[PDB]
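*Asks:* Would you mind keeping the following structure in view while I ask a few things?
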Amino acid sequence: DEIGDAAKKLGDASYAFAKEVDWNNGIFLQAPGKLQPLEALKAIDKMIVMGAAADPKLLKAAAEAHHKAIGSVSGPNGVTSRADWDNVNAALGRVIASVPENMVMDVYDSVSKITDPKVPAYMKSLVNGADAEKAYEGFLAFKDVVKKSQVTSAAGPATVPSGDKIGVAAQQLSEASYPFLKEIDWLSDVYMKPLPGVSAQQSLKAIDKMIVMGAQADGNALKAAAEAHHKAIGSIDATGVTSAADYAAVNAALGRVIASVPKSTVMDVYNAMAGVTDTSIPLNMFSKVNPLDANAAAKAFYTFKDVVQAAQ
Amino acid sequence: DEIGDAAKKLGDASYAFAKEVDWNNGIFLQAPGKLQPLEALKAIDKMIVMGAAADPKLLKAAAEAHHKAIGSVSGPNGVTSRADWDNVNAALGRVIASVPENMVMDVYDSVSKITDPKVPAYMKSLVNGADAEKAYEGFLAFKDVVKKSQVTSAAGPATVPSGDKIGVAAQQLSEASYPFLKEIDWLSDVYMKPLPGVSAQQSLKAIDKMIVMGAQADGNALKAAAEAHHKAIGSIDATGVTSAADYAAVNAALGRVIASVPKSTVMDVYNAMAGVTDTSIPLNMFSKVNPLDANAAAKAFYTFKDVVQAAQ
Amino acid sequence: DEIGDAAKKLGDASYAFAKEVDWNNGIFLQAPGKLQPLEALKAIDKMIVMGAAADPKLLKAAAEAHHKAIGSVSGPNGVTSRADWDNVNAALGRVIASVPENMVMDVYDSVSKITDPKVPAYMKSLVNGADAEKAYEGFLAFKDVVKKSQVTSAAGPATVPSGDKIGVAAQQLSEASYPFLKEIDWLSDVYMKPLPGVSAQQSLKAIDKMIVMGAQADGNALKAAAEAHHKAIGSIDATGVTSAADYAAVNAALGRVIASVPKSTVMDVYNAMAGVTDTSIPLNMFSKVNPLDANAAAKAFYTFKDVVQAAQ
Ligand SMILES: CC(=O)O[C@H]1CC(C)(C)C(=C=C/C(C)=C/C=C/C=C/C=C(C)/C=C2C=C(/C=C/[C@@]34O[C@]3(C)C[C@@H](O)CC4(C)C)C(=O)O/2)[C@](C)(O)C1
Ligand SMILES: CC(=O)O[C@H]1CC(C)(C)C(=C=C/C(C)=C/C=C/C=C/C=C(C)/C=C2C=C(/C=C/[C@@]34O[C@]3(C)C[C@@H](O)CC4(C)C)C(=O)O/2)[C@](C)(O)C1
Ligand SMILES: CC(=O)O[C@H]1CC(C)(C)C(=C=C/C(C)=C/C=C/C=C/C=C(C)/C=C2C=C(/C=C/[C@@]34O[C@]3(C)C[C@@H](O)CC4(C)C)C(=O)O/2)[C@](C)(O)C1
Ligand SMILES: CC(=O)O[C@H]1CC(C)(C)C(=C=C/C(C)=C/C=C/C=C/C=C(C)/C=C2C=C(/C=C/[C@@]34O[C@]3(C)C[C@@H](O)CC4(C)C)C(=O)O/2)[C@](C)(O)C1
Ligand SMILES: CC(=O)O[C@H]1CC(C)(C)C(=C=C/C(C)=C/C=C/C=C/C=C(C)/C=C2C=C(/C=C/[C@@]34O[C@]3(C)C[C@@H](O)CC4(C)C)C(=O)O/2)[C@](C)(O)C1
Ligand SMILES: CC(=O)O[C@H]1CC(C)(C)C(=C=C/C(C)=C/C=C/C=C/C=C(C)/C=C2C=C(/C=C/[C@@]34O[C@]3(C)C[C@@H](O)CC4(C)C)C(=O)O/2)[C@](C)(O)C1
Ligand SMILES: CC(=O)O[C@H]1CC(C)(C)C(=C=C/C(C)=C/C=C/C=C/C=C(C)/C=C2C=C(/C=C/[C@@]34O[C@]3(C)C[C@@H](O)CC4(C)C)C(=O)O/2)[C@](C)(O)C1
Ligand SMILES: CC(=O)O[C@H]1CC(C)(C)C(=C=C/C(C)=C/C=C/C=C/C=C(C)/C=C2C=C(/C=C/[C@@]34O[C@]3(C)C[C@@H](O)CC4(C)C)C(=O)O/2)[C@](C)(O)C1
Ligand SMILES: CC(=O)O[C@H]1CC(C)(C)C(=C=C/C(C)=C/C=C/C=C/C=C(C)/C=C2C=C(/C=C/[C@@]34O[C@]3(C)C[C@@H](O)CC4(C)C)C(=O)O/2)[C@](C)(O)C1
Ligand SMILES: CC(=O)O[C@H]1CC(C)(C)C(=C=C/C(C)=C/C=C/C=C/C=C(C)/C=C2C=C(/C=C/[C@@]34O[C@]3(C)C[C@@H](O)CC4(C)C)C(=O)O/2)[C@](C)(O)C1
Ligand SMILES: CC(=O)O[C@H]1CC(C)(C)C(=C=C/C(C)=C/C=C/C=C/C=C(C)/C=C2C=C(/C=C/[C@@]34O[C@]3(C)C[C@@H](O)CC4(C)C)C(=O)O/2)[C@](C)(O)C1
Ligand SMILES: CC(=O)O[C@H]1CC(C)(C)C(=C=C/C(C)=C/C=C/C=C/C=C(C)/C=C2C=C(/C=C/[C@@]34O[C@]3(C)C[C@@H](O)CC4(C)C)C(=O)O/2)[C@](C)(O)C1
Ligand SMILES: CC(=O)O[C@H]1CC(C)(C)C(=C=C/C(C)=C/C=C/C=C/C=C(C)/C=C2C=C(/C=C/[C@@]34O[C@]3(C)C[C@@H](O)CC4(C)C)C(=O)O/2)[C@](C)(O)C1
């Protein structure tokens with residue numbers, strides 16, 4: 001199609017740059033400058049709004065393209081194959097075209113507000129400058145083709161079930177675990193400390209299982225879950241804690257996402273995460289909160305997941 | 001006997017409740033409400049007084065019953081068999097009957113002072129309420145049978161060597177290690193942080209080795225060691241640290257306990273604990289004290305254990 | 001030779017003491033009293049000056065003697081064989097005789113300033129006192145033989161290369177990593193916290209690989225690298241951080257040391273260190289600094305090592 005043809009031209013312009021980027025650099029776990037959690041949350045919110053508006057089948061296809069790209073990584077910089085680079089870019093271009101321009105620009109603007117002005121020059125300094133310049137000229141041509149195809153209005157929101165078994169169970173989980181939620185330091189930098197002993201390629205294989213799960217999940221359930229997180233961001237207090245009602249709606253929506261893929265897909269995520277998560281990480285997190293509230297939350301989670309399991 | 005027959009009736013009333021308690025919940029590592037270390041120490045002291053007064057052969061038998069019960073645990077909640085539930089309850093009833101009523105009530109009163117009033121309702125909320133009520137009615141009938149057999153005066157105290165090789169060596173250990181003892185934060189919540197990567201059932205198998213060791217140990221030596229801890233609690237300062245003299249008496253008494261079982265029984269404890277203790281736990285503890293005082297204490301310990309080893 | 005013959009007499013006098021010392025005690029990782037980092041750095045500086053003045057072939061031979069001695073360790077206290085004790089003492093005596101008396105006395109004076117006056121008595125208390133006294137009388141006789149052979153003036157400095165590929169690359173590494181260097185707490189006691197789960201004998205086998213590497217490295221390159229550290233100490237600020245220029249000269253000098261042994265010698269060090277370094281140690285260090293500056297330093301290091309690798 002037009003975007004796919006344009007992605008091939010973009011690859012001609014940009015794959016030399018892609019091969020030189022060191023994708024295994026740990027810097028990409030960090031914020032693009034000083035960490036500003038609530039300012040960053042505004043940018044994530046714009047992304048969540050955009051993802052909720054995007055065509056669910058095109059989001060699926062873009063996830064699938066990234067899964068395939070992970071399988072073709074080679075060499076010391078972690079670069080995917082030329083064909084997969086193009087396949088990812090085409091799929092993302094189709095996603096971009098499925099939402100109105102203002103939603104895309106809102107992401108750009110909100111990310112630019114948290115990005116240190118010196119970040120582009122530092123990134124470019126690690127690669128061949130002419131190749132980066134050629135890649136960017138390629139991007140500018142590509143986005144013109146994307147815009148030609150781009151919708152001018154956003155699709156409406158998802159339907160939200162009420163009183164289903166997961167929703168009822170989520171109320172109980174949320175009441176039991178909100179004290180724990182309120183204890184957690186949502187503004188900490190700890191979430192960007194690296195996983196001890198885990199290479200980027202090993203992390204990527206765990207992320208892959210979540211990408212695969214996303215591609216399998218029900219698109220309407222995913223959309224509704226994104227919408228619930230947008231609501232929740234809007235209701236935070238000064239410490240970043242969402243309201244109790246919005247938390248419960250997040251838990252219900254995520255339970256419905258879990259139940260929209262088979263057990264094996266979810267266990268693949270869990271098992272891959274278990275392989276990369278040092279056992280001191282849960283201990284460190286637990287140690288920062290009230291231990292009674294954490295055990296109350298965990299007991300409630302293990303009860304809730306039985307309701308999800310039955311629905312799944 | 002009368003208590004054993006009553007324990008069978010108690011089991012008819014209470015085993016349904018036992019099967020539904022989630023014995024693998026980590027909450028039981030935590031204080032029953034907000035941690036109040038010096039108030040809890042008062043409760044532990046009442047337990048120590050009671051244990052020192054109890055019949056050593058009945059304490060032994062109760063330890064043995066728990067060892068046997070650990071072997072029959074099954075199912076997702078960690079419940080022991082019906083037969084072993086009864087065997088534990090009978091053995092504990094005999095222990096209770098071997099001390100005067102006031103010592104038992106002193107434990108109840110001192111634990112009640114640290115227990116949040118909402119704890120019973122939270123526990124009951126996790127199980128079938130009718131079964132918990134039936135279990136408690138069973139307990140009330142059982143305690144009447146126990147009371148009929150209960151002594152009215154406490155048995156006398158233990159015999160204690162003075163100037164034996166272990167006692168002399170304990171003086172040296174204690175002088176070398178009291179600076180370390182004083183450094184430790186006895187009022188911290190860290191001792192209730194869980195063992196990373198270790199399930200409740202794995203921890204239980206390590207605890208089993210200590211229960212086995214207690215069942216083998218000399219009852220008079222155990223009694224004397226309990227009495228030494230009661231005295232040591234009496235002399236604590238405002239930070240919880242006992243006097244140097246009472247510390248030395250504890251070390252001597254514990255050395256005599258160690259030497260009252262064979263080497264293999266003690267090494268079974270050590271090896272099981274090594275299997276559940278993350279190597280960062282000793283480091284974390286060491287990092288909170290003066291490193292010279294910790295090495296002085298450790299060197300003194302490894303000297304002391306040679307005297308214990310020879311006596312053993 | 002005269003020093004070797006005298007080392008045999010020293011061994012007759014001191015090996016009984018050596019067998020008694022508990023060389024596996026962790027206390028030797030710690031400062032000899034309260035840690036005083038900048039005062040200790042003055043003593044290290046005197047050792048660096050002395051090492052830079054010492055005969056490089058005799059330093060090599062003394063490193064080799066320690067490598068051999070590690071291989072003959074036996075028994076619970078970690079003592080090397082009698083023959084290797086003598087071989088080490090003779091080799092060290094020859095090193096001492098290769099520098100002027102004032103450089104040796106300067107080390108003694110600067111270490112004595114950081115050593116708590118009670119340290120000698122505590123060490124002696126752990127061994128047979130008569131054997132320690134016999135060993136010290138032996139040392140006093142030995143040092144008289146060493147002095148008879150001792151030079152009266154210091155050998156000259158090393159040649160400092162300029163503009164070689166390693167030096168040019170070190171400029172770039174140093175510019176990129178100086179922000180990280182400035183963040184590190186150089187005055188912390190953390191560097192003397194022990195390695196979790198690693199015995200002294202396991203640590204010793206990792207140190208052995210560095211001793212072997214030192215014995216193989218170019219003596220002039222080692223000398224120049226010592227001299228660069230002496231200069232860097234001279235330019236420290238109140239937090240202990242050397243100047244940017246002296247840091248760059250250290251990096252250049254160390255790169256030349258690395259490139260003066262084959263890759264396999266360096267990888268033997270790395271692999272042995274990987275076997276004794278808990279993966280939480282890099283995380284703990286990373287967590288104390290700016291994560292962007294640490295990743296900038298690391299990316300620059302992995303670029304720099306490619307230049308070293310080509311030269312090597
Ligand atoms: C249902 C559900 O769960 O959905 C989930 C789905 C996902 C996908 C997983 C997900 C996500 C992530 C999302 C949405 C990411 C969105 C990314 C958007 C990127 C936008 C970009 C780069 C935009 C721009 C705009 C630019 C403009 C450049 C110029 O105008 C400038 C300034 C000046 C002009 O003179 C010239 C110009 C050159 C024209 C530019 O250069 O770039 C999320 C949040 O998890 C939700
Ligand atoms: C650790 C490791 O190894 O990770 C490996 C992981 C993988 C996945 C295997 C891998 C890979 C591939 C990767 C990451 C590819 C990333 C591609 C990103 C593509 C982004 C695109 C196209 C984004 C946009 C945004 C657009 C915006 C367009 C507009 O806003 C613009 C401007 C101006 C408006 O006026 C009009 C507009 C139209 C609204 C657009 O048109 O396009 C790799 C490299 O191997 C690394
Ligand atoms: C199209 C598109 O946009 O896709 C995007 C969609 C998203 C959603 C935005 C997105 C994402 C994120 C995704 C998918 C996240 C997935 C999360 C999965 C979580 C799974 C969990 C917690 C699983 C488990 C399993 C457990 C098991 C526990 C037990 O068995 C254990 C051990 C032992 C038993 O004795 C008891 C037991 C208790 C039974 C547990 O405790 O937990 C992504 C990547 O961006 C792609
Ligand atoms: C910086 C900042 O301020 O950020 C703010 C951002 C927000 C969004 C506003 C905000 C918030 C709210 C947040 C994060 C809420 C998070 C909720 C997470 C819910 C996750 C759920 C339910 C996941 C699961 C996984 C499940 C797995 C189930 C199974 O695998 C299990 C086990 C075992 C299998 O055998 C069977 C199975 C069924 C397969 C399940 O059943 O459920 C907050 C707090 O305000 C912070
Ligand atoms: C570009 C940029 O800046 O992006 C920014 C974007 C954001 C969104 C703003 C952002 C953010 C915030 C994020 C991701 C927050 C994530 C928070 C996660 C918190 C996780 C917690 C608490 C986990 C746990 C696990 C626990 C386990 C407890 C137990 O298992 C334990 C031990 C032992 C068992 O016996 C009992 C048990 C009870 C079961 C616990 O107790 O707690 C950030 C970082 O600012 C970056
Ligand atoms: C030598 C040596 O080392 O010994 C070691 C031995 C051990 C065993 C290992 C050891 C230990 C632990 C010990 C001793 C534990 C002791 C536990 C005691 C439990 C006591 C209980 C539950 C008592 C009560 C009392 C109750 C009263 C209820 C009522 O009166 C109430 C209010 C009102 C009435 O109207 C109705 C009523 C219903 C009548 C009740 O309901 O319960 C230790 C410390 O390590 C020392
Ligand atoms: C992680 C995991 O799996 O752990 C597993 C570990 C095990 C061991 C295998 C296991 C098990 C079994 C367990 C824990 C059993 C516990 C039993 C407790 C019994 C307690 C008893 C009888 C206590 C008392 C107290 C009494 C007090 C009586 C009086 O004070 C009363 C009232 C009133 C006074 O006026 C008169 C009095 C007479 C003075 C009494 O008469 O009796 C299980 C379940 O499998 C879990
Ligand atoms: C009837 C009744 O009431 O029973 C109750 C009685 C109690 C007492 C109240 C009770 C309890 C608690 C109990 C039993 C506690 C037991 C504690 C045991 C501690 C044992 C220790 C530290 C053992 C070791 C072994 C070590 C070995 C070290 C070395 O070998 C190593 C690696 C390598 C060699 O090269 C050098 C070495 C240096 C030689 C060491 O360093 O330490 C309980 C459970 O309540 C039951
Ligand atoms: C909250 C609060 O305030 O609490 C307060 C409570 C108190 C009680 C008042 C208090 C206090 C004092 C305390 C805790 C003192 C603790 C003393 C512990 C002593 C433990 C000893 C000796 C244990 C052992 C184990 C041994 C093992 C020996 C062997 O295995 C070894 C190695 C190797 C084998 O080959 C041979 C072997 C021979 C088998 C041994 O020889 O000895 C304090 C500080 O005031 C705090
Ligand atoms: C190029 C390269 O790689 O260099 C590296 C090489 C190394 C070797 C690895 C290295 C190193 C370490 C170095 C140099 C260590 C130096 C050690 C020196 C020790 C000196 C000693 C014990 C000196 C003395 C002096 C004493 C004097 C005693 C008396 O006078 C006193 C007071 C009073 C008189 O009345 C009696 C007396 C009895 C006469 C004594 O008793 O002891 C370094 C730094 O890494 C650099
Ligand atoms: C964990 C573990 O197991 O580690 C194992 C590691 C090994 C390596 C295997 C091992 C071993 C052996 C070891 C450590 C041996 C150490 C030997 C040290 C020797 C030091 C010597 C000779 C130092 C000096 C200093 C001198 C100074 C002389 C003068 O200044 C003096 C006074 C006075 C001036 O007026 C004149 C002077 C002339 C200037 C001198 O003449 O001599 C062991 C024991 O097995 C432990
Ligand atoms: C004669 C005399 O005086 O001798 C004395 C001389 C001295 C010098 C004073 C002395 C000393 C100290 C010495 C020798 C120190 C030696 C330091 C060596 C440092 C080596 C380092 C960091 C090596 C590496 C290797 C790495 C590998 C990384 C990778 O491969 C990895 C994993 C995976 C790939 O995919 C990518 C990769 C990135 C390629 C790395 O990242 O780092 C001593 C002991 O006193 C003796
Ligand atoms: C207390 C106090 O204040 O102390 C003050 C003390 C000072 C000295 C004044 C001071 C300072 C400065 C300091 C410490 C500087 C430290 C510099 C360290 C440089 C280390 C280097 C370059 C090491 C290496 C190792 C390399 C390995 C390369 C390879 O193995 C690699 C990877 C992979 C293989 O396949 C190939 C290979 C080629 C084999 C390499 O290429 O390089 C400061 C900060 O002021 C503090």
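Residues in the structure tokens are named by chain (A, B, ... in the order shown) and by number from 1 within that chain; ligands are numbered from 1 in the order shown.
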Find the residues near ligand 7. Use a cut-off of 8 Å, count only C-alpha atoms and all ligand atoms, and write them as a PyMOL selection string.

*Replies:* chain B and resi 18-19+21+23-25+66-74+77-81+84-85+88-90+92-93+96-97+100-105+108+139-140+142-148+150+200-201+203-204

*Asks:* Tell me the residues of chain C close to chain B, meaning within 8 Å using only C-alpha atoms, as number ranges by chain.

*Replies:* C: 25-27, 30, 33, 193-194, 196-197

*Asks:* With 7 Å as the cut-off and only C-alpha atoms and all ligand atoms counted, what is the closest atom pair between each nearby residue of chain A and ligand 3? Distances in Å to one decimal, ordered by chain and number, as CSV.

*Replies:*
residue,atom,partner,partner_atom_place_in_ligand_line,distance
A:56,CA,ligand 3,1 (C),6.9
A:59,CA,ligand 3,1 (C),4.5
A:60,CA,ligand 3,1 (C),4.1
A:63,CA,ligand 3,1 (C),5.4
A:207,CA,ligand 3,44 (C),6.8
A:210,CA,ligand 3,14 (C),4.0
A:211,CA,ligand 3,44 (C),4.3
A:213,CA,ligand 3,14 (C),4.9
A:214,CA,ligand 3,4 (O),3.6
A:215,CA,ligand 3,1 (C),4.8
A:222,CA,ligand 3,8 (C),6.4
A:266,CA,ligand 3,20 (C),5.2
A:267,CA,ligand 3,25 (C),5.6
A:269,CA,ligand 3,18 (C),5.6
A:270,CA,ligand 3,23 (C),4.6
A:302,CA,ligand 3,38 (C),5.9

*Asks:* Next, the residues of the selection above should be written as a PDB file, in the first residue's frame with N, CA and C atoms.

*Replies:*
ATOM      1  N   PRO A  56      -7.629  -0.537  16.502  1.00  0.00           N
ATOM      2  CA  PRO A  56      -7.080  -1.700  17.234  1.00  0.00           C
ATOM      3  C   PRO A  56      -6.414  -2.751  16.367  1.00  0.00           C
ATOM      4  N   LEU A  59      -2.942  -1.374  15.645  1.00  0.00           N
ATOM      5  CA  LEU A  59      -2.069  -1.539  16.805  1.00  0.00           C
ATOM      6  C   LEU A  59      -1.595  -2.985  16.922  1.00  0.00           C
ATOM      7  N   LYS A  60      -2.525  -3.931  16.760  1.00  0.00           N
ATOM      8  CA  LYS A  60      -2.190  -5.350  16.786  1.00  0.00           C
ATOM      9  C   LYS A  60      -1.074  -5.640  15.799  1.00  0.00           C
ATOM     10  N   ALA A  63       2.244  -4.374  16.836  1.00  0.00           N
ATOM     11  CA  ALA A  63       2.852  -5.233  17.846  1.00  0.00           C
ATOM     12  C   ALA A  63       3.438  -6.478  17.193  1.00  0.00           C
ATOM     13  N   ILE A 207      10.273  -8.644  27.229  1.00  0.00           N
ATOM     14  CA  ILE A 207       9.370  -7.674  26.610  1.00  0.00           C
ATOM     15  C   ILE A 207       8.616  -8.322  25.447  1.00  0.00           C
ATOM     16  N   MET A 210       5.343  -9.829  26.316  1.00  0.00           N
ATOM     17  CA  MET A 210       4.273  -8.860  26.528  1.00  0.00           C
ATOM     18  C   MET A 210       3.769  -8.283  25.213  1.00  0.00           C
ATOM     19  N   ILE A 211       4.666  -8.070  24.250  1.00  0.00           N
ATOM     20  CA  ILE A 211       4.251  -7.623  22.924  1.00  0.00           C
ATOM     21  C   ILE A 211       3.346  -8.672  22.275  1.00  0.00           C
ATOM     22  N   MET A 213       1.549 -10.882  23.839  1.00  0.00           N
ATOM     23  CA  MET A 213       0.283 -10.856  24.560  1.00  0.00           C
ATOM     24  C   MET A 213      -0.601  -9.710  24.079  1.00  0.00           C
ATOM     25  N   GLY A 214      -0.023  -8.520  23.918  1.00  0.00           N
ATOM     26  CA  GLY A 214      -0.773  -7.399  23.378  1.00  0.00           C
ATOM     27  C   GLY A 214      -1.373  -7.686  22.020  1.00  0.00           C
ATOM     28  N   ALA A 215      -0.617  -8.362  21.152  1.00  0.00           N
ATOM     29  CA  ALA A 215      -1.124  -8.683  19.829  1.00  0.00           C
ATOM     30  C   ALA A 215      -2.272  -9.672  19.890  1.00  0.00           C
ATOM     31  N   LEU A 222      -8.377  -3.715  25.296  1.00  0.00           N
ATOM     32  CA  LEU A 222      -7.178  -2.881  25.419  1.00  0.00           C
ATOM     33  C   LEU A 222      -7.560  -1.405  25.389  1.00  0.00           C
ATOM     34  N   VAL A 266      -0.394 -15.584  29.139  1.00  0.00           N
ATOM     35  CA  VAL A 266      -0.068 -14.822  30.343  1.00  0.00           C
ATOM     36  C   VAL A 266       1.082 -15.478  31.101  1.00  0.00           C
ATOM     37  N   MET A 267       1.063 -16.801  31.210  1.00  0.00           N
ATOM     38  CA  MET A 267       2.156 -17.469  31.892  1.00  0.00           C
ATOM     39  C   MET A 267       3.470 -17.314  31.151  1.00  0.00           C
ATOM     40  N   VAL A 269       4.438 -14.566  29.806  1.00  0.00           N
ATOM     41  CA  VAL A 269       4.910 -13.292  30.344  1.00  0.00           C
ATOM     42  C   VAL A 269       5.499 -13.496  31.727  1.00  0.00           C
ATOM     43  N   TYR A 270       4.720 -14.102  32.626  1.00  0.00           N
ATOM     44  CA  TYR A 270       5.175 -14.272  33.998  1.00  0.00           C
ATOM     45  C   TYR A 270       6.503 -15.022  34.057  1.00  0.00           C
ATOM     46  N   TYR A 302      -4.286 -12.632  44.803  1.00  0.00           N
ATOM     47  CA  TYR A 302      -4.385 -14.058  44.532  1.00  0.00           C
ATOM     48  C   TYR A 302      -5.826 -14.543  44.566  1.00  0.00           C
TER      49      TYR A 302
END

*Asks:* Any residue with an atom at most 7 Å from ligand 9 counts, using only C-alpha atoms and all ligand atoms. Which are they? Put them as JSON, numbers by chain.

*Replies:* {"B": [37, 38, 41, 181, 186, 187, 229, 232, 233, 236, 239, 240, 241, 242, 247, 250, 251, 252, 254, 255, 258, 259, 263, 266, 267, 302, 304, 305, 306, 308, 309, 312]}

*Asks:* At what distance in Å, to one decimal, does CA of residue 125 in chain C lie from atom 33 (C, counted along the ligand's line) of ligand 11?

*Replies:*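 Calculated distance between atom 33 (C, counted along the ligand's line) of ligand 11 and CA of residue 125 in chain C is 24.9 Å.
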
*Asks:* Excluding residue 4 in chain B and residues on its chain fewer than 5 positions from it, collect all residues at most 8 Å away from it, counting only C-alpha atoms, and give them as a PDB file with C-alpha atoms, in the first residue's frame.

*Replies:*
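Once written, part-v6.pdb looks like this:
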ATOM      1  CA  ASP B  86      -5.037 -33.469  66.847  1.00  0.00           C
ATOM      2  CA  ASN B  87      -1.573 -34.647  67.949  1.00  0.00           C
ATOM      3  CA  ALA B  90      -3.118 -32.586  72.521  1.00  0.00           C
ATOM      4  CA  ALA B  91       0.587 -32.004  73.031  1.00  0.00           C
TER       5      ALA B  91
END

*Asks:* List the neighbours of residue 297 in chain C out to 10 Å using only C-alpha atoms; skip same-chain residues closer than 6 positions along the sequence, and give me the result as an mmCIF file with N, CA, C and O atoms, in the first residue's frame.

*Replies:*
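Produced file around-v6.cif, reproduced below:
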data_model
loop_
_atom_site.group_PDB
_atom_site.id
_atom_site.type_symbol
_atom_site.label_atom_id
_atom_site.label_comp_id
_atom_site.auth_asym_id
_atom_site.auth_seq_id
_atom_site.Cartn_x
_atom_site.Cartn_y
_atom_site.Cartn_z
ATOM 1 N N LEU C 173 37.727 9.355 26.390
ATOM 2 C CA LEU C 173 37.135 8.635 27.511
ATOM 3 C C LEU C 173 37.033 9.533 28.730
ATOM 4 O O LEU C 173 36.022 9.536 29.442
ATOM 5 N N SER C 174 38.086 10.296 28.989
ATOM 6 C CA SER C 174 38.151 11.083 30.211
ATOM 7 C C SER C 174 37.161 12.237 30.181
ATOM 8 O O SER C 174 36.487 12.505 31.184
ATOM 9 N N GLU C 175 37.036 12.910 29.034
ATOM 10 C CA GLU C 175 36.049 13.977 28.910
ATOM 11 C C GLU C 175 34.643 13.442 29.136
ATOM 12 O O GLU C 175 33.821 14.085 29.800
ATOM 13 N N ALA C 176 34.344 12.275 28.573
ATOM 14 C CA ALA C 176 33.003 11.727 28.678
ATOM 15 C C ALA C 176 32.682 11.241 30.080
ATOM 16 O O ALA C 176 31.516 11.260 30.489
ATOM 17 N N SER C 177 33.685 10.777 30.814
ATOM 18 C CA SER C 177 33.470 10.126 32.099
ATOM 19 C C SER C 177 33.828 10.964 33.316
ATOM 20 O O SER C 177 33.532 10.537 34.434
ATOM 21 N N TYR C 178 34.412 12.144 33.142
ATOM 22 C CA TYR C 178 34.731 12.962 34.308
ATOM 23 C C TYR C 178 33.499 13.373 35.099
ATOM 24 O O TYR C 178 33.584 13.396 36.338
ATOM 25 N N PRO C 179 32.342 13.655 34.499
ATOM 26 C CA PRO C 179 31.172 13.940 35.343
ATOM 27 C C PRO C 179 30.848 12.799 36.296
ATOM 28 O O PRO C 179 30.519 13.041 37.459
ATOM 29 N N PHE C 180 30.875 11.559 35.810
ATOM 30 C CA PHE C 180 30.674 10.388 36.665
ATOM 31 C C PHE C 180 31.736 10.331 37.753
ATOM 32 O O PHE C 180 31.417 10.127 38.932
ATOM 33 N N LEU C 181 33.007 10.513 37.377
ATOM 34 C CA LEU C 181 34.080 10.451 38.357
ATOM 35 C C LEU C 181 33.835 11.433 39.484
ATOM 36 O O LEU C 181 34.054 11.103 40.657
ATOM 37 N N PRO C 291 22.363 8.639 36.625
ATOM 38 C CA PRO C 291 22.366 7.479 35.719
ATOM 39 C C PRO C 291 22.769 7.822 34.303
ATOM 40 O O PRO C 291 23.278 6.955 33.577
ATOM 41 N N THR C 303 33.935 2.116 24.031
ATOM 42 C CA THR C 303 34.625 2.640 22.848
ATOM 43 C C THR C 303 36.140 2.663 23.056
ATOM 44 O O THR C 303 36.902 2.214 22.196
#

*Asks:* Smallest atom-to-atom distance to residue 64 in chain B: which of B:243, B:216, B:265, B:36, using only C-alpha atoms?

*Replies:* B:216

*Asks:* Expressed in Å to a single decimal, how great is the separation between atom 14 (C, counted along the ligand's line) of ligand 4 and CA of residue 166 in chain A?

*Replies:*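 Spanning atom 14 (C, counted along the ligand's line) of ligand 4 to CA of residue 166 in chain A is a straight-line distance of 17.7 Å.
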
*Asks:* What are the DSSP alpha helix (DSSP H) residues of range 227-271 of chain A, as a PyMOL selection string?

*Replies:* chain A and resi 227-234+244-258+263-271

*Asks:* Can you work out the spacing between atom 41 (O, counted along the ligand's line) of ligand 11 and CA of residue 155 in chain C in Å, to one decimal?

*Replies:*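 The value is 18.9 Å.
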
*Asks:* For residue 20 in chain A, work out the shell of residues within 10 Å, counting only C-alpha atoms and skipping chain neighbours fewer than 4 positions away, then give it as a PyMOL selection string.

*Replies:* chain A and resi 15-16+76-79+126-128+131-132
